A.B. asks: 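Let me begin by handing over the structure; questions about it come next.
Proteins come first, then strands; the chains are lettered A, B, ... in the order of their sequence lines, and each starts at number 1.
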Amino acid sequence: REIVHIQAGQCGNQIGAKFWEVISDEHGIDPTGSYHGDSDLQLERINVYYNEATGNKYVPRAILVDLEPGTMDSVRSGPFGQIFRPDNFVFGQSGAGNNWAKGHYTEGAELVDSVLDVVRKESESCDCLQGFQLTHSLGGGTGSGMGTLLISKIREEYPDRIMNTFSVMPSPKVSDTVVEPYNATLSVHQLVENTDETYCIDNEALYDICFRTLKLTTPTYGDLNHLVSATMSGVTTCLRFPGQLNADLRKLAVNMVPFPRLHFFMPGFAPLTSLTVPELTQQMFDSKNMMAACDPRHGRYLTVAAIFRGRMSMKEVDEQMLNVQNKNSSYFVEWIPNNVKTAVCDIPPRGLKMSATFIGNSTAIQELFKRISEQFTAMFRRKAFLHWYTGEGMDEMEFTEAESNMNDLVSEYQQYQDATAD
Amino acid sequence: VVXXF
Amino acid sequence: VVXXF
Amino acid sequence: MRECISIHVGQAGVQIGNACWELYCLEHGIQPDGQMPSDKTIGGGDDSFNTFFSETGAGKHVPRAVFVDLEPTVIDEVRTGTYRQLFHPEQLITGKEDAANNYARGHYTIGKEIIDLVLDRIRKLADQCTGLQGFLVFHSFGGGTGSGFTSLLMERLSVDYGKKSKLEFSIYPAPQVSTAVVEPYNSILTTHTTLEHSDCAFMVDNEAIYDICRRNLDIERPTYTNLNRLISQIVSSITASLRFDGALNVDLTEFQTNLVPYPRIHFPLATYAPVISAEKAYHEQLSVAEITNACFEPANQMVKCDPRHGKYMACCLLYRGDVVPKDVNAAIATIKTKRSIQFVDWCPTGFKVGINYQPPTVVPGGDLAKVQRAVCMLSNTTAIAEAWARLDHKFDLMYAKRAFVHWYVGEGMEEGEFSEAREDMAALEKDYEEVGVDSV
Amino acid sequence: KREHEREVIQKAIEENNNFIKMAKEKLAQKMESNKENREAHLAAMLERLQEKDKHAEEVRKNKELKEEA
Ligand SMILES: Nc1nc2c(ncn2[C@@H]2O[C@H](COP(=O)(O)OP(=O)(O)OP(=O)(O)O)[C@@H](O)[C@H]2O)c(=O)[nH]1
Ligand SMILES: Nc1nc2c(ncn2[C@@H]2O[C@H](COP(=O)(O)OP(=O)(O)O)[C@@H](O)[C@H]2O)c(=O)[nH]1
Ligand SMILES: [Mg+2]
Ligand SMILES: [Mg+2]
């Protein structure tokens with residue numbers, strides 16, 4: 001039933017905030033927390049993301065966290081800042097100067113106990129907590145380092161609940177910070193062991209979409225985020241509206257994750273303009289519309305979820321989704337039959353008359369980790385910048401472990417890509 | 001690179 | 001074969 | 001006397017249950033508030049319809065049923081729906097968290113939290129029976145509740161009721177409406193676990209039903225409410241002999257005697273006719289001779305098998321409506337001439353026929369034409385084994401790479417439980433082959 | 001014929017009783033084997049997360065030396 005939301009750090013709280021802005025809209029929830037919608041399908045499964053406070057007020061079951069207060073006052077000052085439960089703001093001061101170690105072990109650990117207090121407040125309330133979804137970046141220090149701390153702290157208290165993450169992979173084309181290839185490989189080392197399902201949001205892809213496809217002369221962060229919110233509303237449509245397929249976090253993980261480690265998804269959205277069903281379908285299976293910087297035709301699809309939103313012909317969606325599997329038959333592994341599923345939601349997303357959201361576990365996602373590991377080993381072969389971490393008491397071995405462990409994951413993707421039937 | 005929400 | 005007294 | 005208790009497990013089980021009990025009510029003139037103006041035996045009764053319905057003081061006719069689900073959404077709609085008043089709340093049993101398409105969750109983790117309560121409520125129904133025949137169990141092969149909890153309940157019912165008959169209506173998975181990649185896994189597990197606890201199981205292939213809704217009813221993209229309405233007619237045909245009686249009526253247990261040569265060979269093939277729209281049915285009435293012929297057209301089969309490439313071990317014809325012995329007899333003579341219909345050498349070739357004069361009715365705003373007469377053929381053909389093979393192949397491909405196997409181990413199951421279930425399925429296909437061979 | 005007529009009916013009881021017996025047992029075994037296997041998988045999960053909690057202190061107690069020098 002209920003999901004508990006956690007956003008953490010600069011990126012985490014930005015994309016987190018926009019996510020709520022957007023679905024609050026879809027469910028007809030205003031910045032004060034009242035309902036002013038037309039359809040009853042809106043409040044059908046509102047409990048998944050909202051609590052019903054006194055005075056029929058809907059309140060995002062969402063916890064905001066940071067080590068600098070900068071980003072969070074921007075949020076409370078934002079369009080929707082008041083909708084949030086003020087108690088669920090939990091920000092430190094000592095900050096983390098984009099040091100993963102400061103979020104994980106040192107600067108983050110004094111605050112970790114106070115975040116967890118707020119989680120328990122929201123979890124004890126749940127009629128039936130299915131699990132948690134997290135928003136954060138893997139380049140920073142708070143969202144990256146303290147987010148991965150938090151997951152581990154929540155898991156050992158809720159080990160049979162589902163752990164879901166929208167993780168933002170760092171690209172040079174968006175942040176000139178030099179230590180990002182370290183932060184990422186360190187948190188990815190945590191993600192493979194401690195999350196059940198992880199949506200890979202790649203900035204190289206978000207920039208390139210904006211510059212190449214959207215012709216944004218200079219793309220802003222809000223420009224990138226407008227894609228992220230479209231995606232997030234897209235991949236959670238089945239969680240939030242009365243539907244059949246993947247209606248809860250567990251049933252999605254069961255359909256999407258054939259092997260516990262390989263749970264890193266390549267989300268897709270169409271139309272990407274920011275319009276026909278055969279067009280939507282082709283687009284959402286096209287490289288350009290991928291929110292991770294990968295050509296899926298450079299690997300094979302283990303599993304795929306497609307969600308078509310808007311008023312359209314379901315026979316047509318059916319015939320088209322069969323079309324693209326037949327024509328692209330080679331790109332779907334033989335040994336998992338019927339690995340592609342299709343949802344259809346009446347309610348179009350705000351603005352569009354119909355969209356298509358794609359979610360794929362492809363071995364082409366190995367392309368994304370390889371890029372991080374080239375950026376990582378290049379800096380680490382020389383032991384560069386390692387004082388910022390060892391300073392915080394860490395160990396150089398814990399980098400190797402994080403290196404070699406991340407290299408195992410890529411093999412595993414290549415293993416199953418190269419597997420056959422009989 | 002110059003990239004503000 | 002369908003066969004009632 | 002000879003009461004029958006229906007158990008509706010999981011979404012498919014429950015939603016099909018809705019269709020069925022709405023239809024039964026329309027067949028016996030029972031209102032959605034349980035009242036039945038025909039029944040003059042107030043508070044009690046010995047009538048044919050009392051095998052599926054109990055009576056109360058208020059004059060209220062109550063389904064001898066239980067709806068169970070590990071999550072409240074689907075049964076909640078029953079609690080608030082058109083036929084809400086028909087049941088008593090103790091009959092609608094819900095968990096909070098479903099089995100997430102996991103057999104292991106249905107059989108163990110979540111199922112164990114509710115099995116006792118379900119059996120307590122099943123027991124309370126059994127106590128209303130002067131002489132129980134047995135249970136009917138409606139479930140999906142693919143769901144976690146439909147598969148795992150059903151196996152658990154069936155095992156528990158074997159123990160608490162010994163050898164009282166247990167019949168399944170099992171929804172076999174089809175890709176056009178599949179909800180889980182692991183439905184092959186769940187299928188093989190429940191089938192194995194239930195096999196020695198089930199006396200007779202009617203498999204409903206959703207691809208077959210999706211096909212027939214598309215072809216004979218010109219439904220563009222069939223819904224669950226589409227399939228269920230057709231499926232209910234078929235179930236109604238099979239249970240008609242238990243709910244009505246006349247001189248020409250043959251009890252289902254009699255059909256059962258012919259249909260099951262060995263305790264494991266208990267999966268009859270259903271083929272139903274006529275499935276026809278109101279537009280086509282207008283001015284065109286179908287004869288005893290015409291609907292009988294349809295039964296041997298694989299397009300009207302309920303499981304996608306090919307009986308032609310298989311051998312027959314039995315044939316039953318469950319007629320209802322305007323059917324006379326004379327016409328049935330001539331009809332079968334035709335088909336004995338116009339078809340080939342190979343039987344195994346050890347079985348006789350006579351067709352066991354039953355007839356209920358009570359005509360088929362239809363649900364309002366249904367897509368099916370209201371016909372004067374209809375027929376369901378129950379055949380035991382080796383071709384039904386094709387259903388196991390398709391599913392066994394799907395199962396094989398994934399277990400080769402142990403795909404998804406980890407969601408099962410994590411809930412407590414072993415790899416041994418898989419390989420074991422799969423070996424039973426291999427034996428069953430082998431069994432279904434052994435019977436086709438000629439003797440010496 | 002009378003001695004045989006009893007032997008037949010008590011054979012049927014014995015076998016329908018034993019079906020009930022085996023079933024009751026086969027269930028209780030695989031239901032207990034399931035409880036053990038899940039409790040174990042949960043135990044090892046909690047294990048790994050608790051050695052990440054002592055590695056986290058060996059890092060907070062590694063820095064606590066460096067600082068003071
Ligand atoms: N014909 C028909 N099939 C259905 C219906 N509902 C579900 N199914 C089928 O059942 C299978 C999925 O199992 P479900 O019954 O939905 O799942 P469940 O029994 O509730 O078990 P969990 O939800 O995992 O706890 C799929 O193959 C569906 O196609 C229905 O109303 N009619
Ligand atoms: N898409 C997106 N990425 C961001 C945003 N803010 C920061 N990032 C990315 O996150 C990485 C830096 O992490 P950051 O959020 O600043 O760390 P924090 O201070 O601990 O929260 C860089 O790779 C940035 O590109 C944002 O608003 N949107
Ligand atoms: Mg269900
Ligand atoms: Mg009566």
Side-chain angles (χ1 to χ4, degrees), chain A residues 94 96 99-113 116 131-132 141 145-163 186-187 189-196 260-261 386-402 405, chain E:
Chain A
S94 187
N99 195 339
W100 187 86
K102 285 183 180 169
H104 200 87
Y105 297 105
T106 304
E107 300 292 345
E110 304 97 317
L111 193 65
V112 86
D113 286 317
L116 292 172
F132 315 92
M146 199 213 175
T148 57
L149 181 71
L150 266 152
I151 290 167
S152 299
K153 301 320 295 200
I154 289 168
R155 197 175 186 69
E156 63 184 281
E157 279 191 54
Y158 301 92
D160 69 328
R161 298 296 88 200
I162 294 292
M163 188 58 67
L186 285 173
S187 49
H189 173 61
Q190 309 293 299
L191 286 171
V192 58
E193 302 280 324
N194 281 29
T195 71
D196 305 323
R261 296 168 61 87
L386 294 184
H387 82 283
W388 266 7
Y389 304 108
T390 60
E392 292 292 351
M394 267 182 61
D395 193 318
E396 187 168 33
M397 235 169 60
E398 184 174 337
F399 266 64
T400 318
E401 297 174 355
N405 186 47
Chain E
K1 304 287 182 186
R2 308 275 94 87
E3 186 182 316
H4 173 75
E5 280 157 16
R6 301 191 111 166
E7 284 183 30
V8 162
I9 185 164
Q10 66 191 10
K11 178 171 172 180
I13 298 170
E14 173 75 323
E15 266 162 25
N16 140 66
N17 271 0
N18 204 270
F19 167 76
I20 294 172
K21 181 186 173 188
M22 307 267 75
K24 201 153 185 155
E25 281 167 357
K26 273 64 192 162
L27 194 45
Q29 185 81 70
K30 86 179 183 174
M31 286 298 265
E32 183 202 11
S33 199
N34 180 267
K35 188 192 172 77
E36 284 194 33
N37 289 2
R38 202 193 182 251
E39 277 186 358
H41 287 314
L42 289 210
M45 184 186 292
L46 295 165
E47 180 71 1
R48 285 184 302 276
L49 298 185
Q50 281 173 343
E51 205 52 38
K52 262 181 56 167
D53 285 16
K54 299 325 178 214
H55 169 87
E57 283 174 311
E58 292 171 23
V59 169
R60 284 185 293 271
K61 299 160 184 186
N62 177 26
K63 177 181 78 75
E64 208 61 67
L65 309 187
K66 301 176 183 308
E67 281 188 337
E68 323 316 325

A.B. asks: Is the shortest side-chain N to carboxylate O distance from A:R155 to A:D196 below 4.0 Å?
C.D. replies: yes
A.B. asks: Can you say whether A:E157 sits under 4.5 Å from chain E via the side chain, the backbone, both, or neither, judging by heavy atoms?
C.D. replies: neither
A.B. asks: Determine whether A:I151 and A:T195 make a side-chain contact, defined as any pair of heavy atoms from C-beta on separated by less than 4.5 Å.
C.D. replies: yes
A.B. asks: Regarding E:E32 and E:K35, does a basic nitrogen lie under 4.0 Å from an acidic carboxylate oxygen?
C.D. replies: no
A.B. asks: Sort E:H55 into side chain, backbone, both or neither according to what part of it lies under 4.5 angstrom from a heavy atom of chain A.
C.D. replies: both
A.B. asks: List the steps, then state whether salt bridge (charged side-chain N to carboxylate O under 4.0 Å, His left out) holds for E:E5 with E:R2.
C.D. replies: CA-CA 5 Å; E:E5 280 157 16; E:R2 308 275 94 87; 2.9 Å; yes
A.B. asks: With a 4.5 Å cut-off on heavy-atom pairs, point out which of E:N62, E:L46, E:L49 contacts chain A the most.
C.D. replies: E:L49
A.B. asks: Below 4.5 Å, heavy-atom pairs only: which of E:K61, E:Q50, E:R60 has the largest tally toward chain A?
C.D. replies: E:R60
